[PDB]
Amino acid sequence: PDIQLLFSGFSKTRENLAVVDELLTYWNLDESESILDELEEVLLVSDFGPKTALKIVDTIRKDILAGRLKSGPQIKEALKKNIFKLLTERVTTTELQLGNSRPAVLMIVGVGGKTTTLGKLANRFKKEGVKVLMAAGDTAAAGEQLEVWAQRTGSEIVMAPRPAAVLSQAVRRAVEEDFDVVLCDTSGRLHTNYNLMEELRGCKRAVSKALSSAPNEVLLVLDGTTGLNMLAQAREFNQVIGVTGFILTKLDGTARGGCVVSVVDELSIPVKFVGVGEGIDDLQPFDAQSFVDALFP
């Protein structure tokens, strides 16, 4: 978890949020409700969604009316703590759960971003001495793009033609050849239809048939530049297949960084990685405290 990569990645979001400090020099009990309305609107500008911003600021209001918070600096500290709590109190661990046995199998799903993320995940595993096999289940440039990442990261790759058969072939090969992790690509569209839905579920079934412990992770890749708008496709994908974690890409230069909090809060599924740059190492594991410190240093 590279702190300066996270810090630079959230610089545009942090710039909108910087007005919060200015706003809270103006705090006293008499002028509080107006100031908190303005605070809530600052959060909405950074894509904390209406419900998330409501609950963050509502907790602060109760604490003020109860006498627990009685200064700008104290309110600022409560804001940070409440955001940390929203990111952590309900969700399971941000860590990948690879289990006891090998191979672990990770399915990557979502609506090019997926291909890039797949490559950067492979690079992380390779750096730790882990033996990776990629599976090109997005059936045709997708397969070729994935091949470049394989060669680039020193991973092996299984290619096509039916996605389910590609995935099951890769899982079988990994079990036979003592691979530690299989990284699967899958087909997806912005709007799911019956057929695409049937295909993705069929992929999950083929994977579980080839290896009953699989998939260990289903990771949904979302474009952070769409901000809160990503919730619609996230809800849809989770209806198709049990998503175990999110990967939010392209957060670098987004001003809409509050969407990270909203997606965790609304969907009760952890964000596991954030993409904070174009570099191969710019896919970072998510940590709630580091994220909060990046928005509010």
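One rule holds for the numbers: they count along the sequence shown, beginning at 1.
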I'd like to know the size of any gap between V111 and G112, counted in deposited residues with no coordinates: none, 1 to 3, 4 to 9, or 10 or more.
1 to 3
For the stretch from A160 to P161, please bin the deposited residues that the model skips: none, 1 to 3, 4 to 9, or 10 or more.
4 to 9
Average Cα temperature factor in the PDB entry - higher stretch of 212-220, 168-176:
168-176
Output the stretch having the higher mean C-alpha B factor in the entry; the candidates are 198-206 and 122-130.
122-130
Per the PDB entry, maximal CA B factor within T25, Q284, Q289, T13
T25
Going by the CA temperature factor in the entry, name the top one among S34, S46, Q239, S262.
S34
Give the position of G154 by CA B-factor within its chain, expressed as the lowest, middle or highest third.
highest
Against its chain's modelled residues, does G188's Cα B factor rank lowest, middle or highest third?
middle
The third of the chain into which the C-alpha temperature factor of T59 falls is the middle
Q74: CA temperature factor from the record, placed by chain third, in the highest
Check where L65 lands among this chain's C-alpha B-factors and tell me if it's the lowest, middle or highest third.
highest
